[PDB]
Structures are given as C-alpha cells and as structure tokens.
Amino acid sequence: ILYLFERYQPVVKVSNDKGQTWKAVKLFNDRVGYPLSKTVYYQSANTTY
Amino acid sequence: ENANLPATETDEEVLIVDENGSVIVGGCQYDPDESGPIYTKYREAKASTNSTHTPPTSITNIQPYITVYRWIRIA
Amino acid sequence: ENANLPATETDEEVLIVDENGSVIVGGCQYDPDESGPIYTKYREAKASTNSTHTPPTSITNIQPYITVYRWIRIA
Amino acid sequence: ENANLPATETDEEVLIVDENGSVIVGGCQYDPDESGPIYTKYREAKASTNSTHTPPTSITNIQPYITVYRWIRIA
C-alpha cells in the first residue's frame with residue numbers, strides 16, 4: 001500500500017496507514033527513472049516492476 | 001582449523017561497518033546525472049579469508065625417523 | 001603468534017583507506033532529509049580475524065607413540 | 001604456508017565489492033568546494049593480514065625426549 005518514488009534518488013517512503021504516517025526506506029538501489037508523463041509502476045498479473 | 005589461529009589485524013586502514021561511524025555511506029544519491037561513475041559497495045558482511053581453501057594444508061607434527069624393522073622377542 | 005601466520009589475503013576485493021583512490025567518500029552532502037536510510041559504516045581500521053582468541057588450537061606434535069616402560073640399568 | 005589455513009571471516013561486517021551491492025558510493029560526491037571533506041576509502045583489492053609475515057616462524061614438533069647416542073654395534 002502506497003509506494004512513492006523519487007525522480008532519481010533510490011530512497012522511497014512507504015505507509016501502511018494510508019498517509020497517516022510515512023516511513024523512509026531503501027530497496028530501489030538505482031537511479032530509478034524520469035518518465036515523461038507520470039506513471040512509473042506498471043504491472044500485470046502480479047509481477048509488479 | 002579456525003580454532004587454531006591467533007588474533008590479527010588487517011595490514012592497513014580499511015573501512016569496517018559500525019553504527020558510531022564518522023563516515024556516512026549516504027542515504028541516497030543526489031545524483032542528477034546518469035553515467036558519472038558510481039560503485040556498488042557490496043553488502044556489509046563477514047569478510048572472507050581463504051574460503052577458496054578452507055580445510056587446507058596440514059603440516060607434519062613429528063621429527064626425523066630413527067625407524068628400522070624392530071623384531072621384539074616374544075619371550 | 002602473529003609472526004606465526006602464513007601470508008593472508010581475504011578473497012573478495014575489499015575497500016581500504018588511501019589518499020590515492022578512485023572511490024569518492026564525500027565529507028558532506030545533502031543528507032538534508034535525515035529520513036534516508038542513514039547507513040554509515042564506521043572508520044577505516046584494521047579488521048580483526050578470530051579476535052576472540054589468541055590461544056588457538058594447539059596441534060599435537062606427538063607422533064604415533066606407544067609408551068613403553070623404561071627402567072634404566074643402574075649398572 | 002598460505003595454502004595451510006582455515007577459511008576466515010572478519011569478526012564484524014565490512015563492504016565487499018559486488019555489482020549487486022546495496023550501499024552505493026554515489027555517481028560522484030557532490031563536492032562544491034574543497035572544504036567538503038575529501039577522502040578515498042580506496043579501490044578494492046586483496047585484504048592485507050600480516051605482510052609483516054613473509055615466511056613465518058615455525059612452532060616445534062619433537063617432544064621432550066632424551067637425546068642420547070644410540071649405540072649400534074658396528075658388526
């Protein structure tokens with residue numbers, strides 16, 4: 001629930017409280033991406049990437 | 001076997017992994033570019049010596065032989 | 001004792017201090033959000049191997065030995 | 001000799017270099033001035049443990065034992 005991504009920095013913050021409180025964490029461990037619209041996470045039949 | 005070894009130090013200043021550290025690997029990259037060279041410093045773990053040859057060589061524990069066929073009379 | 005030790009080198013390639021290096025440390029940065037995982041490995045130093053014990057396992061240098069009674073002739 | 005050795009792993013963690021590695025040196029430091037502390041924890045290499053050791057001292061084998069003259073009757 002509620003993954004948020006930076007444009008570059010790999011640190012992402014995640015909340016299971018639906019925004020009531022945020023917690024910062026690693027696990028992107030790369031430059032992530034700068035797509036030209038919005039969407040970053042795009043997924044099908046589980047297998048989110 | 002690693003029950004047999006003395007204490008030792010590394011032979012230089014190398015960065016080990018601890019939570020008082022005065023050097024901070026950084027949380028994450030202020031890194032606006034793409035290809036300016038970065039590393040992957042691998043996961044801090046036990047630093048492995050000689051795991052290629054773990055069991056290896058076992059030296060001979062004795063002194064040169066006076067050894068000759070010795071027939072000890074029964075009685 | 002330390003001088004009893006072969007020439008040891010730990011297998012997978014580990015970073016150490018120098019003034020010559022390729023790896024930029026950074027001494028200061030943005031760590032603007034303290035909120036990033038703050039992973040600070042500690043200082044450059046000497047890495048202790050089996051520091052727990054100087055008193056290693058002591059290999060028996062006894063060689064296969066049948067204790068045989070000796071009463072020496074007084075004459 | 002450096003063949004003979006248990007495998008060893010340093011008594012606490014430190015940073016290997018693997019290309020999957022978690023921690024990251026960044027694509028570069030952000031180094032606006034010279035006053036942001038430079039360093040290099042330097043490029044990865046072998047570990048160094050006792051290069052004070054060339055071939056070592058060698059712990060004795062033969063055990064406390066009468067050193068006498070075996071008298072063999074020549075013929």
# chains A, B, ... in the order shown; residues from 1 in each chain; ligands from 1

$ calpha_fit_and_write --fixed "chain D" --moving "chain B" --output "CSV table (one decimal) with N, CA, C and O atoms, in the first residue's frame"
chain,number,residue,atom,x,y,z
B,1,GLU,N,52.3,-22.1,5.6
B,1,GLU,CA,52.0,-21.4,4.4
B,1,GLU,C,50.6,-21.4,4.1
B,1,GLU,O,49.8,-22.3,4.6
B,2,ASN,N,50.1,-20.5,3.2
B,2,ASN,CA,48.7,-20.3,3.0
B,2,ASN,C,48.0,-21.5,2.5
B,2,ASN,O,46.7,-21.5,2.3
B,3,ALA,N,48.7,-22.5,2.1
B,3,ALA,CA,48.1,-23.8,2.0
B,3,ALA,C,47.7,-24.3,3.4
B,3,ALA,O,46.8,-25.2,3.5
B,4,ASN,N,48.2,-23.8,4.5
B,4,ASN,CA,47.9,-24.2,5.8
B,4,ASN,C,47.2,-23.0,6.5
B,4,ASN,O,47.9,-22.1,6.9
B,5,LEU,N,45.9,-23.1,6.7
B,5,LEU,CA,45.0,-22.1,7.3
B,5,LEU,C,43.6,-22.6,7.2
B,5,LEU,O,43.3,-23.4,6.2
B,6,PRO,N,42.7,-22.3,8.1
B,6,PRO,CA,41.3,-22.7,7.8
B,6,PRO,C,40.6,-21.6,7.1
B,6,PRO,O,41.2,-20.5,6.8
B,7,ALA,N,39.3,-21.8,6.7
B,7,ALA,CA,38.5,-20.7,6.3
B,7,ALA,C,38.3,-19.8,7.5
B,7,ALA,O,38.5,-20.2,8.7
B,8,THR,N,38.0,-18.5,7.3
B,8,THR,CA,37.7,-17.6,8.4
B,8,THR,C,36.8,-16.5,7.9
B,8,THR,O,36.6,-16.3,6.6
B,9,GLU,N,36.2,-15.8,8.8
B,9,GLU,CA,35.5,-14.6,8.5
B,9,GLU,C,36.2,-13.4,9.2
B,9,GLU,O,37.0,-13.6,10.1
B,10,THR,N,35.9,-12.2,8.7
B,10,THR,CA,36.3,-11.1,9.6
B,10,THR,C,35.4,-11.0,10.8
B,10,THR,O,34.4,-11.7,10.9
B,11,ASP,N,35.9,-10.3,11.8
B,11,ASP,CA,35.2,-10.3,13.1
B,11,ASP,C,34.2,-9.2,13.3
B,11,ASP,O,33.7,-8.9,14.4
B,12,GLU,N,33.8,-8.5,12.2
B,12,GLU,CA,32.8,-7.4,12.3
B,12,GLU,C,32.0,-7.4,10.9
B,12,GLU,O,32.1,-8.3,10.1
B,13,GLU,N,31.2,-6.4,10.7
B,13,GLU,CA,30.6,-6.1,9.4
B,13,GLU,C,31.5,-5.0,8.8
B,13,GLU,O,31.5,-3.9,9.3
B,14,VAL,N,32.1,-5.4,7.7
B,14,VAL,CA,33.0,-4.5,7.0
B,14,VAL,C,32.6,-4.6,5.5
B,14,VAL,O,32.0,-5.7,5.1
B,15,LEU,N,32.8,-3.6,4.7
B,15,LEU,CA,32.2,-3.4,3.4
B,15,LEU,C,33.2,-4.0,2.4
B,15,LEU,O,34.3,-3.5,2.2
B,16,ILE,N,32.7,-5.1,1.8
B,16,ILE,CA,33.5,-5.7,0.7
B,16,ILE,C,32.9,-5.3,-0.6
B,16,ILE,O,31.8,-4.7,-0.6
B,17,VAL,N,33.5,-5.7,-1.7
B,17,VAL,CA,33.3,-5.0,-3.0
B,17,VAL,C,32.6,-5.9,-4.0
B,17,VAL,O,33.2,-6.9,-4.5
B,18,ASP,N,31.4,-5.6,-4.4
B,18,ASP,CA,30.6,-6.5,-5.3
B,18,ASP,C,29.5,-5.8,-5.9
B,18,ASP,O,29.0,-4.7,-5.4
B,19,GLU,N,29.0,-6.3,-7.0
B,19,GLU,CA,28.2,-5.6,-8.0
B,19,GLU,C,26.7,-5.8,-7.8
B,19,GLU,O,25.9,-5.3,-8.6
B,20,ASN,N,26.3,-6.5,-6.7
B,20,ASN,CA,24.9,-6.5,-6.3
B,20,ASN,C,24.7,-5.5,-5.2
B,20,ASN,O,23.5,-5.4,-4.6
B,21,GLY,N,25.7,-4.7,-4.8
B,21,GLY,CA,25.7,-4.0,-3.5
B,21,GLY,C,24.6,-3.1,-3.3
B,21,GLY,O,24.2,-2.4,-4.2
B,22,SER,N,24.0,-3.0,-2.1
B,22,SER,CA,23.0,-2.1,-1.8
B,22,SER,C,23.5,-0.8,-1.3
B,22,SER,O,22.7,0.1,-1.1
B,23,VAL,N,24.8,-0.6,-1.2
B,23,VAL,CA,25.4,0.7,-0.9
B,23,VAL,C,26.2,1.1,-2.1
B,23,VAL,O,27.1,0.3,-2.5
B,24,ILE,N,26.0,2.3,-2.6
B,24,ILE,CA,26.6,2.8,-3.8
B,24,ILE,C,27.6,3.9,-3.5
B,24,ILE,O,27.1,5.0,-3.1
B,25,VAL,N,28.9,3.6,-3.7
B,25,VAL,CA,29.9,4.6,-3.3
B,25,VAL,C,29.7,5.9,-4.0
B,25,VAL,O,30.3,6.9,-3.6
B,26,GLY,N,28.8,6.0,-5.0
B,26,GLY,CA,28.5,7.2,-5.7
B,26,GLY,C,29.4,7.3,-6.9
B,26,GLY,O,30.5,6.9,-6.9
B,27,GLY,N,28.8,7.9,-7.9
B,27,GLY,CA,29.5,8.1,-9.2
B,27,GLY,C,30.5,9.3,-9.0
B,27,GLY,O,31.6,9.2,-9.4
B,28,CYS,N,30.0,10.3,-8.4
B,28,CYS,CA,30.7,11.5,-8.3
B,28,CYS,C,30.1,12.6,-7.5
B,28,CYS,O,28.8,12.6,-7.4
B,29,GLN,N,30.9,13.5,-7.1
B,29,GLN,CA,30.6,14.3,-5.9
B,29,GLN,C,29.6,15.5,-6.3
B,29,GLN,O,29.9,16.3,-7.1
B,30,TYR,N,28.4,15.5,-5.7
B,30,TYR,CA,27.7,16.7,-5.7
B,30,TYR,C,28.2,17.5,-4.6
B,30,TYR,O,27.7,17.4,-3.4
B,31,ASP,N,29.1,18.4,-4.9
B,31,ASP,CA,30.0,18.7,-3.8
B,31,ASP,C,30.4,20.1,-3.9
B,31,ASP,O,31.6,20.4,-3.9
B,32,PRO,N,29.5,21.0,-3.9
B,32,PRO,CA,29.8,22.3,-4.5
B,32,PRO,C,31.0,23.0,-3.8
B,32,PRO,O,31.6,23.8,-4.4
B,33,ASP,N,31.3,22.6,-2.6
B,33,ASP,CA,32.3,23.3,-1.7
B,33,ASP,C,33.7,22.8,-2.2
B,33,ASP,O,33.8,22.3,-3.3
B,34,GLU,N,34.7,23.1,-1.3
B,34,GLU,CA,36.0,22.6,-1.5
B,34,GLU,C,36.5,21.7,-0.3
B,34,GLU,O,36.8,20.5,-0.5
B,35,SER,N,36.6,22.3,0.9
B,35,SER,CA,37.3,21.7,2.0
B,35,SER,C,36.4,20.9,3.0
B,35,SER,O,37.0,20.4,4.0
B,36,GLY,N,35.1,20.7,2.8
B,36,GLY,CA,34.4,19.8,3.6
B,36,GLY,C,34.9,18.4,3.5
B,36,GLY,O,35.1,17.9,2.4
B,37,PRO,N,35.3,17.8,4.6
B,37,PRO,CA,36.2,16.7,4.6
B,37,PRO,C,35.7,15.5,3.8
B,37,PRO,O,34.7,15.0,4.0
B,38,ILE,N,36.6,15.0,2.8
B,38,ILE,CA,36.3,13.8,2.0
B,38,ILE,C,37.3,12.8,2.3
B,38,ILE,O,38.3,13.0,3.1
B,39,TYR,N,37.2,11.6,1.8
B,39,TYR,CA,38.2,10.6,1.9
B,39,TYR,C,38.7,10.2,0.5
B,39,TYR,O,38.2,10.6,-0.5
B,40,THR,N,39.7,9.4,0.6
B,40,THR,CA,40.0,8.5,-0.6
B,40,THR,C,39.9,7.1,-0.1
B,40,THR,O,40.9,6.6,0.5
B,41,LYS,N,38.8,6.4,-0.3
B,41,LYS,CA,38.8,5.0,0.0
B,41,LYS,C,39.5,4.3,-1.1
B,41,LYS,O,39.1,4.5,-2.3
B,42,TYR,N,40.6,3.6,-0.8
B,42,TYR,CA,41.5,3.2,-1.8
B,42,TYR,C,40.9,2.1,-2.7
B,42,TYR,O,39.8,1.7,-2.5
B,43,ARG,N,41.6,1.8,-3.7
B,43,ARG,CA,41.1,0.9,-4.8
B,43,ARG,C,40.7,-0.4,-4.2
B,43,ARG,O,41.5,-1.0,-3.5
B,44,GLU,N,39.5,-0.9,-4.4
B,44,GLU,CA,39.1,-2.2,-4.0
B,44,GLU,C,40.0,-3.2,-4.5
B,44,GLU,O,40.2,-3.4,-5.7
B,45,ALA,N,40.7,-4.0,-3.6
B,45,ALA,CA,41.7,-5.0,-4.0
B,45,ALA,C,41.6,-6.1,-3.0
B,45,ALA,O,40.9,-6.1,-2.0
B,46,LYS,N,42.5,-7.1,-3.2
B,46,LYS,CA,42.6,-8.1,-2.2
B,46,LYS,C,43.1,-7.5,-0.9
B,46,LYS,O,44.0,-6.7,-0.9
B,47,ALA,N,42.5,-8.0,0.2
B,47,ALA,CA,42.7,-7.3,1.5
B,47,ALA,C,43.7,-8.0,2.3
B,47,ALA,O,43.6,-9.2,2.7
B,48,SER,N,44.9,-7.3,2.5
B,48,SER,CA,46.1,-8.0,2.8
B,48,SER,C,46.4,-8.2,4.2
B,48,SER,O,46.5,-7.2,5.0
B,49,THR,N,46.5,-9.5,4.6
B,49,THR,CA,46.8,-9.8,6.0
B,49,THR,C,48.3,-10.3,6.0
B,49,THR,O,48.8,-10.9,5.1
B,50,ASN,N,49.0,-9.8,7.1
B,50,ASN,CA,50.3,-10.4,7.5
B,50,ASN,C,51.3,-10.3,6.4
B,50,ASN,O,52.3,-11.0,6.4
B,51,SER,N,51.1,-9.3,5.5
B,51,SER,CA,52.1,-9.3,4.4
B,51,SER,C,53.4,-8.6,4.9
B,51,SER,O,54.4,-8.7,4.2
B,52,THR,N,53.4,-8.0,6.1
B,52,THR,CA,54.6,-7.6,6.8
B,52,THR,C,55.5,-8.9,7.0
B,52,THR,O,56.7,-8.9,6.7
B,53,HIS,N,54.9,-9.9,7.7
B,53,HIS,CA,55.6,-11.2,7.9
B,53,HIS,C,54.8,-12.2,7.1
B,53,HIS,O,53.8,-12.8,7.6
B,54,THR,N,55.2,-12.5,5.9
B,54,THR,CA,54.6,-13.6,5.1
B,54,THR,C,55.1,-14.9,5.6
B,54,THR,O,54.4,-15.8,5.9
B,55,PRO,N,56.4,-15.2,5.5
B,55,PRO,CA,57.0,-16.5,5.7
B,55,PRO,C,56.9,-16.9,7.1
B,55,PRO,O,57.2,-18.1,7.4
B,56,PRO,N,56.5,-16.1,8.0
B,56,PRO,CA,56.8,-16.2,9.4
B,56,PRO,C,56.4,-17.4,10.2
B,56,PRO,O,56.0,-18.4,9.6
B,57,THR,N,56.6,-17.4,11.5
B,57,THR,CA,57.1,-18.5,12.3
B,57,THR,C,56.7,-19.9,12.0
B,57,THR,O,55.6,-20.2,11.6
B,58,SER,N,57.7,-20.8,12.2
B,58,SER,CA,57.5,-22.2,11.9
B,58,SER,C,57.7,-23.0,13.2
B,58,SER,O,58.8,-23.0,13.8
B,59,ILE,N,56.6,-23.6,13.8
B,59,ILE,CA,56.7,-24.2,15.1
B,59,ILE,C,57.4,-25.6,15.0
B,59,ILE,O,57.5,-26.2,13.9
B,60,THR,N,57.9,-26.0,16.1
B,60,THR,CA,58.6,-27.3,16.2
B,60,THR,C,57.6,-28.5,16.3
B,60,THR,O,56.7,-28.4,17.1
B,61,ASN,N,57.8,-29.5,15.5
B,61,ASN,CA,56.8,-30.5,15.2
B,61,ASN,C,57.0,-31.7,16.1
B,61,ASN,O,56.3,-32.7,15.8
B,62,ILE,N,57.9,-31.7,17.1
B,62,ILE,CA,58.2,-32.9,17.8
B,62,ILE,C,57.9,-32.9,19.3
B,62,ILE,O,57.3,-32.0,19.8
B,63,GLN,N,58.3,-34.0,20.0
B,63,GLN,CA,58.0,-34.2,21.4
B,63,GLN,C,59.4,-34.2,22.2
B,63,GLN,O,60.4,-34.4,21.6
B,64,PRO,N,59.4,-34.0,23.5
B,64,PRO,CA,60.6,-33.9,24.2
B,64,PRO,C,61.5,-35.1,24.0
B,64,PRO,O,61.1,-36.2,23.8
B,65,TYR,N,62.8,-34.8,24.2
B,65,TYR,CA,63.8,-35.8,23.7
B,65,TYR,C,64.2,-36.8,24.8
B,65,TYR,O,64.7,-36.4,25.8
B,66,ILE,N,64.0,-38.1,24.5
B,66,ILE,CA,65.0,-39.0,25.0
B,66,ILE,C,66.1,-39.1,23.9
B,66,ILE,O,65.9,-39.7,22.9
B,67,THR,N,67.2,-38.5,24.2
B,67,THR,CA,68.3,-38.4,23.3
B,67,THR,C,69.6,-38.6,24.1
B,67,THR,O,69.9,-37.8,25.0
B,68,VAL,N,70.3,-39.6,23.7
B,68,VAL,CA,71.6,-39.9,24.4
B,68,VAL,C,72.5,-40.6,23.4
B,68,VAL,O,72.0,-41.3,22.5
B,69,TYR,N,73.8,-40.5,23.6
B,69,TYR,CA,74.7,-40.9,22.5
B,69,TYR,C,74.6,-42.4,22.4
B,69,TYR,O,75.1,-43.1,23.4
B,70,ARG,N,74.1,-43.0,21.3
B,70,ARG,CA,73.8,-44.4,21.3
B,70,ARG,C,74.7,-45.1,20.3
B,70,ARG,O,74.5,-44.9,19.1
B,71,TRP,N,75.6,-45.8,20.8
B,71,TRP,CA,76.6,-46.5,20.0
B,71,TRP,C,76.1,-47.9,19.7
B,71,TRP,O,76.1,-48.8,20.6
B,72,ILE,N,75.8,-48.2,18.4
B,72,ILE,CA,75.1,-49.4,18.0
B,72,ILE,C,76.2,-50.3,17.5
B,72,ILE,O,76.7,-50.1,16.4
B,73,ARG,N,76.4,-51.4,18.2
B,73,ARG,CA,77.6,-52.3,17.9
B,73,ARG,C,77.5,-52.8,16.5
B,73,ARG,O,76.4,-53.3,16.0
B,74,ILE,N,78.6,-52.7,15.7
B,74,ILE,CA,78.7,-53.1,14.3
B,74,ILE,C,78.2,-54.5,14.2
B,74,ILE,O,77.2,-54.8,13.4
B,75,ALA,N,78.8,-55.4,14.8
B,75,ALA,CA,78.5,-56.8,14.9
B,75,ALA,C,79.5,-57.5,15.8
B,75,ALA,O,80.6,-57.2,15.9

$ select_by_dssp --residues "chain A" --states "strand (DSSP E)" --output "MDAnalysis selection string"
chainID A and resid 3:4 12:14 23:25

$ write_last_selection --atoms "N, CA and C atoms" --output "short mmCIF file (atom, residue, chain, number, x, y, z; two decimals), in the first residue's frame"
data_model
loop_
_atom_site.label_atom_id
_atom_site.label_comp_id
_atom_site.auth_asym_id
_atom_site.auth_seq_id
_atom_site.Cartn_x
_atom_site.Cartn_y
_atom_site.Cartn_z
N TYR A 3 3.27 2.97 -2.26
CA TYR A 3 4.65 3.21 -2.64
C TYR A 3 4.75 4.59 -3.28
N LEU A 4 5.73 5.39 -2.85
CA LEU A 4 6.05 6.64 -3.52
C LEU A 4 7.51 6.64 -3.95
N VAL A 12 12.84 5.39 -1.12
CA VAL A 12 11.40 5.53 -1.24
C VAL A 12 10.79 5.49 0.15
N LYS A 13 9.63 6.11 0.28
CA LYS A 13 8.90 6.11 1.54
C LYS A 13 7.59 5.37 1.35
N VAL A 14 7.20 4.59 2.35
CA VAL A 14 6.05 3.71 2.26
C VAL A 14 5.22 3.88 3.53
N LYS A 23 7.21 6.42 6.38
CA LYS A 23 8.48 5.84 6.78
C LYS A 23 9.37 5.70 5.55
N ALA A 24 10.62 6.12 5.69
CA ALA A 24 11.58 6.14 4.59
C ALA A 24 12.39 4.85 4.57
N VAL A 25 12.71 4.38 3.36
CA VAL A 25 13.43 3.13 3.21
C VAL A 25 14.14 3.12 1.86
#

$ residues_around --residues "residue 40 of chain A" --least-positions-apart "5" --cutoff "12 Å" --atoms "only C-alpha atoms" --output "ChimeraX atom specification"
/A:3-8,32-35,48-49
